[PDB]
């Protein structure tokens, strides 16, 4: 243990889930690469260290221990080499920018209107449960071929997978402190299998243009499909983060705009500013805050720390996006800060494959919301609480408007 960081011994998992920003402010100043005992891992907290680890040839992909316990093998986020190349080739077709531009409007905009019509005349709403999450999961769910899985169920699944994936607390001996916390991830996977296995059975014989059907068939010899055990971990990758994060990003962007009322008004009046508003929202509260990791493949020295080969490092991109070496007053949402790079989509060979898709989902959702409710106001009686260390976002977003 590093002597001057003895205070890290007293950092708790609950503290990191409720608000990691004070601890990580200390880490960025004291130890940009630091071993955090309750996480049982080195953690990268600055922009320079996160970007170096994510792009270095001396590191490769790995899943965090609780993430591996949740997803198994071969999750696209945790593999390398030929397997990673295959899984990337598998997911990339529907995510290509030219392809997304062909159909993204006809996918998301009707979905956004459907959810808006349920509440736009009420004068009040809780936008996370009633809008941001449903639009995010319904859009991706239809793309995948899960049209018949209700948005309520998709939302329950990503919540359970979230809690299992981020069940990272370890004890003195490095063993998981809360092994019972993986049970609901196991239950979610069992439910997912019961729903998706019959769909896969069908797609093997009758391919259609759902993404999962293409995952089974694309690039395969005639009459062959990828085995379902080979693609299920990447299905889980989607059913957690791909389902959850566009909703998180929408909602954090909204919370940030409400915190700057003049900027909210600017964006409602000029919706061409919505992409910039979203980019700042992702930097301000990164949806995938500290879920990603890498592992060294050779001895390497990072931020003054000599690491052996085989050392995992958690990439706390949500902290890197508050690096005061790069941003002025990063805890404040500011639509007007200059367009600078950010790490909310990761970096390197394993950077987010769905960036272009995700940005359009969030853009269209906010466009439709502001057109339907231009006089949106935050219910200042009800507070906005953010939760999560691995994945972070607001747990609710109560709003009102004069009808």
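Numbering follows the first chain given and starts at 1.
- Relative to its counterpart among 165-173 and 67-75, 165-173 has the higher mean temperature factor, C-alpha atoms as listed in the PDB entry.
- Across the two stretches, 261-269 and 247-255, the PDB entry reports the greater mean Cα temperature factor for 261-269.
- The top Cα temperature factor in the record, among 312, 233, 123, 287, falls on 123.
- Out of 88, 226, 326, 160, it is 326 whose C-alpha atom has the highest B-factor in the PDB entry.
- In this PDB entry, residue 59 carries a Cα temperature factor that places it within the middle third of its chain's modelled residues.
- Residue 350: CA B factor lies in the lowest third for its chain, per the PDB record.
- Residue 342: CA B factor in the middle third of modelled residues in this chain (values from the PDB entry).
- In this PDB entry, residue 237 carries a Cα temperature factor that places it within the lowest third of its chain's modelled residues.
- Ranked by C-alpha B-factor against the other modelled residues of its chain, residue 134 falls in the middle third.
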